[PDB]
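Only one chain is included here, represented as structure tokens and corresponding to the form deposited in one PDB entry.
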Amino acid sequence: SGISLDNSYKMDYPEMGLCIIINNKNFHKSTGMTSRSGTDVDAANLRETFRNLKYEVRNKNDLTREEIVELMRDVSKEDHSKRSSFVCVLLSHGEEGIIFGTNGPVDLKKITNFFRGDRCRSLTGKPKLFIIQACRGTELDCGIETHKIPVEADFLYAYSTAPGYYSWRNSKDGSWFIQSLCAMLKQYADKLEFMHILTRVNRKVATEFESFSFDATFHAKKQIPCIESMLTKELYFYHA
């Protein structure tokens, strides 16, 4: 055969893979956490968007910390041999390195470790994408007027916000990040490599959104998403 190159992940397996969407809206009163109005818009938008990309979407709502772990554990024990990749979207409250279950926090590392190259052999060498809409702290951006592989390899963390910062969600239109992500995926999934699509998402969130609040502390704030890539190849959602 002619000359071959291996710069992009093989995405022509029989199935694109699973897209797990965890949507936490209602939290146990004892946690003292507010409901996340608008998150359902995000969940439906993501379901439709990934359905169009040919992913097997599974939506889960209001899962406890224990349920999140067991779900991730069970999913990682499935046979992904015939799947090209894996996607997990987390919509909830959070802080740096933490996602919140309805009854308490969950370490992100605990969730992702189940998919390590040595713990999920059917996903070894395949892109594992974690999309996270949740706060990573309490900082506010005031803006300015213009043959072995690593077990941590092949992971991509698409964070809605910069390390240490709050993440914004509109109770009517949904989160800034998820709204933008779905829009960019719908428009460029057939045209651009994933990192370039995410860069477009960064630009959209950074330029088209600004908070409005009667509280001066939270008014006129900006946001920049954060792409954290440990991928080893280019990722295209199309093939052939």
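Numbers follow the displayed sequence, beginning with 1.
Chemist: Could you settle it for me: does 161-169 or 109-117 have the higher average Cα B factor in the PDB entry?
Modeler: Looking at the recorded C-alpha B-factors, 109-117 comes out higher on average.
Chemist: Report the stretch with the higher mean CA temperature factor, choosing between 85-93 and 71-79 on the basis of the entry.
Modeler: That would be 71-79.
Chemist: Among 199, 49, 180, 35, single out the one with the highest C-alpha B factor in the record, please.
Modeler: 35 has the highest C-alpha B-factor of those listed.
Chemist: Can you pull the Cα B-factors for 55, 188, 176, 212 from the entry and say which is highest?
Modeler: Most elevated C-alpha B-factor of the set, per the entry: 188.
Chemist: Among all modelled residues of this chain, ranked by Cα B factor, put residue 192 in the bottom, middle or top third, i.e. lowest, middle or highest.
Modeler: Highest third of the chain for residue 192's C-alpha B-factor.
Chemist: Among the chain's modelled residues, which third holds the C-alpha B-factor of residue 98?
Modeler: Ranked within chain, residue 98 CA B lands in the middle tercile.
Chemist: Which third, lowest, middle or highest, does the C-alpha temperature factor of residue 124 belong to within its own chain?
Modeler: Residue 124: CA B-factor falls in the lowest third of its chain.
Chemist: Based on the entry's values, in what third of the chain does the Cα temperature factor of residue 131 lie: lowest, middle or highest?
Modeler: Lowest third of the chain for residue 131's C-alpha B-factor.
Chemist: Would the CA B-factor of residue 25 place it in the lowest, middle or highest third of its chain?
Modeler: Answer is highest: the recorded C-alpha B-factor places it there.
One more form of this protein, solved in complex with a partner chain, exists but is not displayed; see below.
Chemist: Counting only non-hydrogen atoms and a 4.5 angstroms cut-off, does residue 59 reach its partner chain in the bound PDB entry?
Modeler: So residue 59 counts as contacting its partner chain.
Chemist: According to a 4.5 angstroms non-hydrogen atom cut-off, is residue 40 in contact with its partner chain in the bound PDB entry?
Modeler: Looking in the bound PDB entry, residue contacts with its partner chain include residue 40, since a heavy atom lies within 4.5 Å.
Chemist: Contact between residue 44 and its partner chain in the bound PDB entry at 4.5 Å, heavy atoms?
Modeler: Yes - in the bound PDB entry, heavy atoms of residue 44 and its partner chain come within 4.5 Å of each other.
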